[PDB]
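Okay, structure first, notes after.
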Ligand code: SF4
Ligand code: SF4
Ligand code: SF4
Ligand code: SF4
Ligand code: FES
Ligand SMILES: [Ca+2]
């Protein structure tokens, strides 16, 4: 049985446990290509099912994802409960190394679900986004307000009857929103943001945005301060919302790849990898080994690029300015190799459904050798010049620390979760793209996720990525760069240029689009900043019926108030520098 | 009708006796082939007759018999390529009874499959060059399938 | 019947084959040579499935699903590995000789062969030998020919010969050199040859008129519209790109015009793209012209009309029900006049009275094919209502269908049905002034003058029932042929009587009504069909109004000083000199029209009306069915200076500016409600389409496909800033991709057929309840009137025999499919198809006047002499002269008229 085959996962022990606890008629198991068991739960049993999953012997500890779905235009709903809308809950058991996707069906007029925030606190922002984009009410939510769109927005953009395209620009609305911006500083009400005790006559209120002079993006945080101590902080996000999921419903499976590039814009091919893997699951494509090695090498090069940017930006946030110049020189070496291979620097859009766009150019190994000889001396110099400086250690050590429980309850992934001591990397736990054929280590922390611990873990991850690149350079299969599947999009170019069957396939694939049979697919990867996942629903057409992107920066930004309360503002800047987020990843 | 070997000369000329031997009684007007006749050339001549006597109504006969003719011409000239005998075998499989509109194409593919079954060494002798369907296009690296 | 496909149980019709049953169930089986309208022949072998003997069978046998009945307890597998391999091999065999042509082939993106190549999953070529090639033929102005792309699926010859009855297409040659085309270069002679471009699954036959301004299907903007070129009401999908009407595709209507158009509807759209069209309101000051915007035109026209003493209106059967009603509201009902002549109006109201008071059911166009005897009286159906002639051809083949059904032959096995019914056919009796295109299948053709055709009809009615009035002076040979017709019609289980207003005689319509009444009185299931002239002739007849001659007398006596003329070239319905005099005398002439007509030089105001591509409205076909057409594109999107509004919008805004001095344009549903409130006989046009608030789960219906390209570059030469999307407050369609075009959407109006994996016209399969049936939620359009409980009385006014008169030439109409409909003559591609205007003479009359074939003769009509070259017509009886109606200078009102001083030039 291939790894992309449709499965019901009835042999998962959690299905038997749910059978024993709630009975056999309490839920409906759906066969998908997501790789996880998908269970349709009644709305009135959702909290009991969630608590039961949380109290298992090897429990489901993390709410990985929570979002909605407009099911009104879905023609192929065979074996599914009747639903105008639905809400899905992706939960991860680390100890079992397993997931489960709960789905609640909803009628068009009865669009309310009990809140999940008492079980998992990251459900706050997830349910705010579900209410914002789908209009689904969550009963019991502390502050159910719009998080992506402005508060005075009409409609819900991810509904199927909402038009995707930009409306006609009016300067009157711009001047009205400017007046809103200049009056908000005078008419601030600290109850509509979920805040309490709105002036003790000592709480000073500051704003950090909505413009930030940094590479992670521009965003606003409202700070409630007692002297220099943060007693409350609520973020304002959605300032970089690009409608990427709605655009996923508008582009074909092939033409959406450049949009996947710009989710986490320091990631590139790393961002492309989960999307093309999920589409290949929908298409039933098993890529050859050379494709796996090529995609792994590109992803590791972009991971080194992103980590160099993160370490240099953290050092600049501490107060040392020269390592960012040197790290950008190293980024230029990486960009030389990436430009040679893909023809682009930052958004290569080079991965394809079933492979990559072109073969590797002649002489790529010389550039890889030059980079692999250039990097380690520079990394050691960076450590000795900035990372071992006691001023940086005093700025970083002990600042915004959390343990394993706080990381699990907020959906924290990546270097923060591993800095809490939990050894969970996607490339080892749920291997993808031939990562099992590479010998590399996963660095973990001692149990405390500090700013310094996260930065040093990212340094060791950079060294491990250099090891993976060395193994990629020494071991390359001499095979195809595209799979021989009929749904490989586009087909190989020379056969397109001289064979009529291949020309026909290319013609229909680039114009109407490749036809993906109706299914649901899922793929999570270890991105540069945590776990990035694509959840794709095909209704049998040439475009996605639903593209859901889970990004780790959303979860880390939601974890910000739990870890920074009672600290200084300078500690908040250091924490923002040590998270490794970008606002495009947050808002999508 | 399917070719038969020297060992088949002892069975009676009846419908079921020839039919169980893998051939057809047909008109019962047998034709002998001596050792000086190349089987590839003979089956090429047979398939040229059958391909040019197609009525053109249905796709497998009309567009699959000329492909077999061209493969046999290449095999006779020593310009056969790997996969050609496999293509001939699949053509015999897919031009059988029921797949075509009438019985002309099953009768066409009976001698080809019988000669491949009994005289495969003459057909493999025609394969003398590697498979090449594409020319190199300057500036495009080919997808090197294994 | 119960079938089991891939382990799933299904209930199907046992009289269907497996391919049509499985395609009706939503399953995907590739196919080439089968068509729903043509039956099954089993040529291409693409539709192979694996049939098992029973449930406990594992070997199976490959069969053609199109040639296998969907009998009870059938067991088949589509996704069987051997069946999939064979279907891929069939695609591969078709691909061995196929040219490397998709970028430069007009079928790309709309190609059934491309779709089935992808559907079978065949994308790797291992064939390395040479590809056969073919020279192409010139097939005339409409169809381009490319035989390299042929897959020899025989669809073209089966449609053209067996279905459409054409004779100049065929299959030639042998084994892999089979060639589909004509015996030599020349124009395809069939009136229905244009359906080849959708019948052919490849790019062999392509729309040449589209090919001149080619664009791909995904780049088109479509709308569900009605063909304007005659009264049949065939549903069409006009598709546009860059502001110009690019193509007319057939839009499936299971009740009207299911898969097929005629060539006039398909290729006679080119008048929309004419550069001399009015784009904006123009007002003449002295000898100069000034261009106004819509507000200034409304204010000025309202002021001048308010100053006038009496405003009269002249509508048109071209224009929709809403626009004619808006004219009638602006000028008043008593001051409203129909734009057609007095005799034309009398024949039209008599046809309407027979249709909605004759007590005899009038069948839809699809229903015509089930009648087992046809009598056509006077109406040259092929040149005036061509799709009715196609349906009558199918009804004639009904006899072979009956004899095949007697021998337990399945209704889809078309070759066996044609073999059993060799040349036996249901009786067709056509009457005309000359030979018709239906004569090759007609049991009898009566070439006689229109009064003699009416006398034949009255004699048939009297021989069917003695209460009908008798005809005295019938020759014994004509009496014997009348007895043949009467014996054929009396023994028929379902006789059909077809007539129309094109014959130009009231007594022909009365004779048809008397035959229908006589057949009704004997308990037969008789149907009657009337053929009107133009797209909304029946709507103008239902609305009513005075004739054009009454409006001309009003403008000539001077008691009417302002005239509004809507969508009307007045020279078609009246003499040109009288019209020019009455319009030069009138101090105010306002013309609302979308074409540069001849009365726009004497027009004081000209309003740029929209054509059917740029307007919404309702038209009534000759069956009595109200059908809504929708706007295709916004004319102001590319050229913002274009002020081209709906005619009812213009006239409603004029009435509002006249009354309240304020400019309110309107909404379409308000005009619909106004029509159904003032006119109760047009109350059905409310239900023809849902209103503009109609939604499919909250979203509108899309006009363009999902992959519509170039949205940030198609106007970038004008300005790099993208304009706003056009807003459609009129209808439920949106001018964008942001809409719904799902085949399962609960609607009846479908702008275009597309499904994932089905990019060709075969996606109409997905848009149907069963393939070849109706649309899934019903065909659009509703009948305005039901069958009356009581019929009429017998018309006792039997006309006398035609006597020739010396110096008096009775004009016999000779209609043409290419040339007798005004807007289609305006299309530039119809000039190549335009026959040279020849005046038809009897050999005896031409010998008496001493003129041979090809000589120019001059005749005087309305005090004006015109010269036309002579063609000898044997069938035209003496005392008649044959003229081509509707041409340049020969109005259709001349049909049935006399002529004076025909002399050799
Ligand atoms: S198998 Fe028979 S029907 Fe088919 S093309 Fe050949 S001769 Fe004609
Ligand atoms: S007919 Fe179809 S497959 Fe052939 S060249 Fe044209 S688009 Fe391509
Ligand atoms: S010309 Fe077209 S319709 Fe005719 S046999 Fe060839 S592919 Fe079929
Ligand atoms: S029959 Fe009449 S309505 Fe139909 S396509 Fe022809 S011209 Fe148009
Ligand atoms: S569609 Fe059945 S053989 Fe052609
Ligand atoms: Ca409109």
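Chains as they are written, first to last, in the entry's author numbering: chain C, 12 to 210, 212 to 600; chain F, 297 to 442; chain G, 4 to 908.
Positions of the beta carbon are idealized from the N, C-alpha and C atoms, including for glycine.
Legend entry - Contact under 8 Å by Cβ, residue 565/G with residue 557/G: Reading the third chain from its first residue, position 562 is the one you call residue 565/G. Reading the third chain from its first residue, position 554 is the one you call residue 557/G. Not in contact: residue 565/G and residue 557/G (Cβ atoms no closer than 8 Å).
Inset, instruction - Tell me whether the beta-carbon of residue 692/G lies closer than 8 Å to the beta-carbon of residue 631/G. - result: Counting from 1 along the third chain, the entry for residue 692/G is found at position 689. Counting from 1 along the third chain, the entry for residue 631/G is found at position 628. Cβ distance < 8 Å, so residue 692/G and residue 631/G count as in contact.
Legend entry - Simplified DSSP assignment, three categories, for residue 709/G: Counting from one through the third chain, the residue named residue 709/G turns up at place 706. Three-state DSSP puts residue 709/G in coil, outside helix and strand.
Legend entry - Which of helix, strand or coil DSSP assigns to residue 207/G: Reading the third chain from its first residue, position 204 is the one you call residue 207/G. Residue state, collapsed to three classes: coil.
Legend entry - Residues of the region 36-59 of chain G whose Cβ lies closer than 8 Å to any Cβ of chain F, in chain order: 45, 46, 47, 48, 49, 51
Legend entry - Residues of its chain near residue 387/C, where Cβ-Cβ distance is below 7 Å and the 5 sequence neighbours each way are ignored: Start at 1 with the first residue of the first chain, and residue 387/C comes out as number 375. So the list reads 342, 478, once near-sequence residues are dropped.
Legend entry - Bounding residues of the alpha helix (DSSP H) (the contiguous stretch that carries residue 362/F): Your numbering for residue 362/F matches position 66 in the second chain. From DSSP, the alpha helix (DSSP H) with residue 362/F extends over 355-372.
Legend entry - Any non-hydrogen atom of ligand 4 within 7 Å of residue 787/G CB: Residue 787/G sits at position 784 when you count from the first residue of the third chain. Checking every heavy atom of ligand 4 against the Cβ of residue 787/G, none is found closer than 7 Å.
Legend entry - Under 8 Å between C-beta atoms of residue 707/G and residue 751/G: Residue numbering aside, residue 707/G sits at position 704 when the third chain is read from its first letter. Residue numbering aside, residue 751/G sits at position 748 when the third chain is read from its first letter. For residue 707/G and residue 751/G, no; Cβs fall outside 8 Å.
Legend entry - As assigned by DSSP and simplified to three states, the class of residue 182/G: Position 179 of the third chain, counted from the start, is the residue given in the question as residue 182/G. Residue 182/G falls in the strand class under three-state DSSP.
Inset, instruction - Please compile the residues from chain F whose C-beta is within a distance smaller than 8 Å of the C-beta of residue 492/C. - result: Taking the first chain and counting its residues from 1, the one referred to as residue 492/C is at position 480. The answer, in chain order, is 439, 440, 441, 442.
Inset, instruction - Give a yes or no on contact between the region 407-426 of chain C and the region 580-595 of chain C, applying the rule of three or more CB pairs nearer than 8 Å. - result: yes
Inset, instruction - Please report how far the alpha carbon of residue 334/C lies from the alpha carbon of residue 482/C, in whole angstroms. - result: By one-based count along the first chain, residue 334/C stands at place 322. By one-based count along the first chain, residue 482/C stands at place 470. Going from the Cα of residue 334/C to the Cα of residue 482/C covers about 28 Å.
Legend entry - residue 446/C versus residue 301/C: straight-line alpha-carbon distance, rounded: Counting from 1 along the first chain, the entry for residue 446/C is found at position 434. Counting from 1 along the first chain, the entry for residue 301/C is found at position 289. Their backbone Cα atoms lie some 7 Å apart in a straight line.
Inset, instruction - Could you tell me the boundaries of the alpha helix (DSSP H) in which residue 346/G lies? - result: Counted from its first residue, the third chain places residue 346/G at position 343. Note, residue 346/G: alpha helix (DSSP H), 345-360.
Legend entry - Interface flag, residue 8/G vs chain C, CB-CB below 8 Å: By one-based count along the third chain, residue 8/G stands at place 5. Taking Cβ atoms only, chain C never reaches closer than 8 Å to residue 8/G, which makes this a no.
Inset, instruction - Note down the Cα distance separating residue 857/G from residue 843/G, rounded to an integer number of angstroms. - result: Residue mapping note: residue 857/G aligns to position 854 of the third chain, counting from 1. Residue mapping note: residue 843/G aligns to position 840 of the third chain, counting from 1. So the two alpha carbons sit approximately 10 Å from each other.
Inset, instruction - Identify the contact partners of residue 505/C in chain F, using a Cβ-Cβ distance below 9 Å as the criterion. - result: For this step, residue 505/C is matched to residue 493 along the first chain. Within chain F, the residues near residue 505/C are 433, 436, 437, 438, 439.
Inset, instruction - Hey, could you find the ends of the beta strand (DSSP E) residue 246/C is sitting in? - result: Walking along the first chain from the start, residue 246/C turns up at place 234. Where residue 246/C is concerned, the enclosing beta strand (DSSP E) stretches over 241-248.
Inset, instruction - Specify the secondary structure class of residue 612/G as computed by DSSP and reduced to three states. - result: Here residue 612/G refers to the residue found at position 609 of the third chain. In the structure shown, residue 612/G sits in a strand (DSSP, three-state: E or B).
Legend entry - Where residue 105/G meets chain C, residues with beta-carbon distance less than 7 Å: Mapped onto the third chain, residue 105/G falls at position 102. Those within 7 Å of residue 105/G in chain C are 515, 516, 519.
Legend entry - Helix, strand or coil at residue 740/G according to DSSP, with G and I counted as helix: Counted from its first residue, the third chain places residue 740/G at position 737. Residue state, collapsed to three classes: coil.
Inset, instruction - Could you tell me how far apart the beta carbons of residue 563/C and residue 507/C are, in whole angstroms, since I believe they sit closer than 8 Å? - result: Looking up residue 563/C in the first chain gives position 551. Looking up residue 507/C in the first chain gives position 495. Rounded, the Cβ-Cβ distance is 37 Å, inconsistent with contact.
Inset, instruction - Would you verify that the beta carbon of residue 117/G is, or is not, closer than 8 Å to some beta carbon of chain C? - result: Within the third chain, residue 117/G is the residue found at index 114, counting from 1. It does: the Cβ of residue 117/G has a partner Cβ on chain C nearer than 8 Å.
Inset, instruction - Using a Cβ cut-off of 7 Å, pull out every chain G residue sitting near residue 169/C, in sequence order please. - result: Residue numbering aside, residue 169/C sits at position 158 when the first chain is read from its first letter. Residues of chain G passing the Cβ test: none, with the nearest at roughly 13 Å.
Inset, instruction - Compare the C-alpha of residue 936/G against each of 531/G, 602/G, 195/G and name the closest. - result: The question about residue 936/G has no answer, for chain G in this structure spans 4 to 908.
Inset, instruction - Could you tell me whether the Cβ of residue 34/G comes closer than 8 Å to any Cβ of chain F? - result: By one-based count along the third chain, residue 34/G stands at place 31. No, because no Cβ of chain F sits closer than 8 Å to the Cβ of residue 34/G.
Legend entry - Segment limits, alpha helix (DSSP H) that includes residue 468/C: In the first chain, residue 468/C corresponds to position 456, counting from 1. Residue 468/C -> alpha helix (DSSP H) spans 463-486.
Inset, instruction - Have a look at residue 763/G and residue 131/C and give me their C-alpha separation to the nearest angstrom. - result: Locating residue 763/G in the third chain gives position 760, where the first residue counts as 1. Locating residue 131/C in the first chain gives position 120, where the first residue counts as 1. Using only the alpha carbons, I get a separation of about 51 Å.
Legend entry - beta-carbon residue 213/G near ligand 2 non-hydrogen atom, thresh 7 Å: Position 210 of the third chain, counted from the start, is the residue given in the question as residue 213/G. Flag unset: Cβ of residue 213/G not near ligand 2.
Legend entry - the region 169-192 of chain G: positions lying closer than 9 Å to chain F by Cβ: 174, 176, 177, 178, 179, 180, 181
Legend entry - Counted within 10 angstroms of its Cβ, other Cβ atoms place residue 424/C as buried (16 or more) or exposed: Counting from one through the first chain, the residue named residue 424/C turns up at place 412. Result: buried.
Inset, instruction - Determine the chain C residues that contact residue 221/G at a beta-carbon separation under 7 Å, and present them in chain order. - result: Reading the third chain from its first residue, position 218 is the one you call residue 221/G. The answer, in chain order, is 523, 524.
Legend entry - Contact list for the region 287-314 of chain C against chain G, Cβ threshold 7 Å: none
Legend entry - Unbroken stretches of the alpha helix (DSSP H), 4 residues or longer, contained in the region 535-587 of chain C: 564-576
Legend entry - residue 634/G beta carbon near ligand 6 (any heavy atom closer than 7 Å): Here residue 634/G corresponds to residue number 631 of the third chain, with the count starting at 1. At least one heavy atom of ligand 6 is nearer than 7 Å to the Cβ of residue 634/G, so yes.
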